[PDB]
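Participant: Contents of start-v1.pdb (PDB, N, CA, C and O atoms) are given next:
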```pdb
ATOM      1  N   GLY A   1     -77.993  69.559  92.130  1.00  0.00           N
ATOM      2  CA  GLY A   1     -78.193  69.013  93.460  1.00  0.00           C
ATOM      3  C   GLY A   1     -77.388  67.747  93.681  1.00  0.00           C
ATOM      4  O   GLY A   1     -76.922  67.482  94.789  1.00  0.00           O
ATOM      5  N   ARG A   2     -77.225  66.965  92.620  1.00  0.00           N
ATOM      6  CA  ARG A   2     -76.471  65.721  92.706  1.00  0.00           C
ATOM      7  C   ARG A   2     -76.141  65.202  91.310  1.00  0.00           C
ATOM      8  O   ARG A   2     -75.834  64.023  91.131  1.00  0.00           O
ATOM      9  N   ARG A   3     -76.209  66.092  90.325  1.00  0.00           N
ATOM     10  CA  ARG A   3     -75.918  65.716  88.947  1.00  0.00           C
ATOM     11  C   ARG A   3     -74.521  65.110  88.843  1.00  0.00           C
ATOM     12  O   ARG A   3     -74.258  64.277  87.975  1.00  0.00           O
ATOM     13  N   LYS A   4     -73.628  65.534  89.737  1.00  0.00           N
ATOM     14  CA  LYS A   4     -72.251  65.032  89.748  1.00  0.00           C
ATOM     15  C   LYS A   4     -71.715  64.988  91.176  1.00  0.00           C
ATOM     16  O   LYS A   4     -72.066  65.826  92.007  1.00  0.00           O
ATOM     17  N   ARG A   5     -70.865  64.004  91.456  1.00  0.00           N
ATOM     18  CA  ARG A   5     -70.288  63.861  92.788  1.00  0.00           C
ATOM     19  C   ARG A   5     -69.469  65.096  93.153  1.00  0.00           C
ATOM     20  O   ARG A   5     -68.255  65.128  92.956  1.00  0.00           O
ATOM     21  N   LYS A   6     -70.143  66.110  93.688  1.00  0.00           N
ATOM     22  CA  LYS A   6     -69.470  67.344  94.080  1.00  0.00           C
ATOM     23  C   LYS A   6     -68.575  67.853  92.954  1.00  0.00           C
ATOM     24  O   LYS A   6     -67.349  67.782  93.042  1.00  0.00           O
ATOM     25  N   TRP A   7     -69.194  68.367  91.897  1.00  0.00           N
ATOM     26  CA  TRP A   7     -68.439  68.884  90.761  1.00  0.00           C
ATOM     27  C   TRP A   7     -69.341  69.693  89.835  1.00  0.00           C
ATOM     28  O   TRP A   7     -68.891  70.207  88.812  1.00  0.00           O
ATOM     29  N   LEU A   8     -70.616  69.802  90.198  1.00  0.00           N
ATOM     30  CA  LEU A   8     -71.571  70.553  89.385  1.00  0.00           C
ATOM     31  C   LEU A   8     -70.990  71.922  89.020  1.00  0.00           C
ATOM     32  O   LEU A   8     -70.678  72.186  87.860  1.00  0.00           O
ATOM     33  N   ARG A   9     -70.850  72.784  90.024  1.00  0.00           N
ATOM     34  CA  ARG A   9     -70.306  74.120  89.804  1.00  0.00           C
ATOM     35  C   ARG A   9     -70.063  74.820  91.138  1.00  0.00           C
ATOM     36  O   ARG A   9     -69.885  76.038  91.186  1.00  0.00           O
ATOM     37  N   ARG A  10     -70.047  74.046  92.224  1.00  0.00           N
ATOM     38  CA  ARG A  10     -69.812  74.620  93.549  1.00  0.00           C
ATOM     39  C   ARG A  10     -68.593  75.550  93.506  1.00  0.00           C
ATOM     40  O   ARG A  10     -68.733  76.755  93.289  1.00  0.00           O
ATOM     41  N   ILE A  11     -67.403  74.986  93.702  1.00  0.00           N
ATOM     42  CA  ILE A  11     -66.170  75.773  93.672  1.00  0.00           C
ATOM     43  C   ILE A  11     -65.611  75.820  92.254  1.00  0.00           C
ATOM     44  O   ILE A  11     -64.718  76.611  91.957  1.00  0.00           O
ATOM     45  N   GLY A  12     -66.146  74.971  91.379  1.00  0.00           N
ATOM     46  CA  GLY A  12     -65.694  74.941  90.003  1.00  0.00           C
ATOM     47  C   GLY A  12     -65.767  76.315  89.386  1.00  0.00           C
ATOM     48  O   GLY A  12     -64.860  76.742  88.671  1.00  0.00           O
ATOM     49  N   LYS A  13     -66.850  77.024  89.688  1.00  0.00           N
ATOM     50  CA  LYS A  13     -67.041  78.381  89.184  1.00  0.00           C
ATOM     51  C   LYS A  13     -65.760  79.198  89.341  1.00  0.00           C
ATOM     52  O   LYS A  13     -65.601  80.253  88.730  1.00  0.00           O
ATOM     53  N   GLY A  14     -64.849  78.700  90.180  1.00  0.00           N
ATOM     54  CA  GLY A  14     -63.582  79.371  90.437  1.00  0.00           C
ATOM     55  C   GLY A  14     -62.419  78.711  89.720  1.00  0.00           C
ATOM     56  O   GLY A  14     -61.555  79.398  89.175  1.00  0.00           O
ATOM     57  N   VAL A  15     -62.384  77.371  89.725  1.00  0.00           N
ATOM     58  CA  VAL A  15     -61.292  76.630  89.069  1.00  0.00           C
ATOM     59  C   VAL A  15     -61.759  75.998  87.761  1.00  0.00           C
ATOM     60  O   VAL A  15     -61.027  75.993  86.770  1.00  0.00           O
ATOM     61  N   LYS A  16     -62.971  75.455  87.756  1.00  0.00           N
ATOM     62  CA  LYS A  16     -63.501  74.816  86.556  1.00  0.00           C
ATOM     63  C   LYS A  16     -63.563  75.805  85.395  1.00  0.00           C
ATOM     64  O   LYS A  16     -63.071  75.520  84.302  1.00  0.00           O
ATOM     65  N   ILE A  17     -64.165  76.970  85.630  1.00  0.00           N
ATOM     66  CA  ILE A  17     -64.273  77.985  84.583  1.00  0.00           C
ATOM     67  C   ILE A  17     -62.917  78.672  84.371  1.00  0.00           C
ATOM     68  O   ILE A  17     -62.831  79.727  83.744  1.00  0.00           O
ATOM     69  N   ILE A  18     -61.863  78.058  84.902  1.00  0.00           N
ATOM     70  CA  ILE A  18     -60.515  78.605  84.773  1.00  0.00           C
ATOM     71  C   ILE A  18     -60.426  79.971  85.447  1.00  0.00           C
ATOM     72  O   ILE A  18     -60.973  80.958  84.953  1.00  0.00           O
ATOM     73  N   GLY A  19     -59.731  80.020  86.581  1.00  0.00           N
ATOM     74  CA  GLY A  19     -59.573  81.262  87.315  1.00  0.00           C
ATOM     75  C   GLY A  19     -58.486  81.162  88.367  1.00  0.00           C
ATOM     76  O   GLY A  19     -57.327  81.486  88.108  1.00  0.00           O
ATOM     77  N   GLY A  20     -58.862  80.708  89.557  1.00  0.00           N
ATOM     78  CA  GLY A  20     -57.907  80.566  90.643  1.00  0.00           C
ATOM     79  C   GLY A  20     -56.982  79.384  90.432  1.00  0.00           C
ATOM     80  O   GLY A  20     -55.905  79.313  91.024  1.00  0.00           O
ATOM     81  N   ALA A  21     -57.406  78.451  89.586  1.00  0.00           N
ATOM     82  CA  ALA A  21     -56.600  77.266  89.305  1.00  0.00           C
ATOM     83  C   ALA A  21     -55.171  77.661  88.945  1.00  0.00           C
ATOM     84  O   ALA A  21     -54.229  77.340  89.668  1.00  0.00           O
ATOM     85  N   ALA A  22     -55.019  78.360  87.824  1.00  0.00           N
ATOM     86  CA  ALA A  22     -53.701  78.793  87.380  1.00  0.00           C
ATOM     87  C   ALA A  22     -53.082  79.745  88.399  1.00  0.00           C
ATOM     88  O   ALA A  22     -51.913  79.607  88.762  1.00  0.00           O
ATOM     89  N   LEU A  23     -53.874  80.712  88.857  1.00  0.00           N
ATOM     90  CA  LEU A  23     -53.400  81.687  89.836  1.00  0.00           C
ATOM     91  C   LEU A  23     -53.481  81.112  91.250  1.00  0.00           C
ATOM     92  O   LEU A  23     -53.481  79.895  91.434  1.00  0.00           O
ATOM     93  N   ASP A  24     -53.555  81.996  92.241  1.00  0.00           N
ATOM     94  CA  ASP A  24     -53.642  81.565  93.635  1.00  0.00           C
ATOM     95  C   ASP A  24     -52.511  80.602  93.976  1.00  0.00           C
ATOM     96  O   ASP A  24     -52.503  79.986  95.042  1.00  0.00           O
ATOM     97  N   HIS A  25     -51.554  80.480  93.063  1.00  0.00           N
ATOM     98  CA  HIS A  25     -50.408  79.596  93.260  1.00  0.00           C
ATOM     99  C   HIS A  25     -49.239  80.090  92.420  1.00  0.00           C
ATOM    100  O   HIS A  25     -48.674  79.347  91.619  1.00  0.00           O
ATOM    101  N   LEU A  26     -48.896  81.359  92.605  1.00  0.00           N
ATOM    102  CA  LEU A  26     -47.806  81.972  91.854  1.00  0.00           C
ATOM    103  C   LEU A  26     -46.454  81.544  92.424  1.00  0.00           C
ATOM    104  O   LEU A  26     -46.240  81.580  93.636  1.00  0.00           O
TER
END
```
Please re-express this file's structure in structure tokens.

Facilitator:
Amino acid sequence: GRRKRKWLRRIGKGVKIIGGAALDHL
């Protein structure tokens, strides 16, 4: 809910867990 300043796992689940970060930018 506020464990971290917008970084818990909102969109991280996509970039944090490594996914769209590397991709989505070929």

Participant: So that I can check the surroundings of stretch 16-26 of chain A, please list as number ranges by chain every protein, DNA and RNA residue that reaches within 8 Å of it, counting all atoms listed in the file and ignoring chain neighbours fewer than 6 positions away.

Facilitator: A: 7-9

Participant: Just need the box for stretch 6-17 of chain A, edges along x, y and z, holding every atom the file lists for it with 5 Å tacked onto each side, so centre and edge lengths in Å to one decimal, as lines of an AutoDock Vina configuration file.

Facilitator:
```
center_x = -66.3
center_y = 73.2
center_z = 88.9
size_x = 20.5
size_y = 24.1
size_z = 20.3
```

Participant: How would you write, as a list in words, the set of residues in chain A that DSSP gives as alpha helix (DSSP H)?

Facilitator: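 Selection result, alpha helix (DSSP H) within chain A: residues 12, 13, 14 and 15 of chain A.
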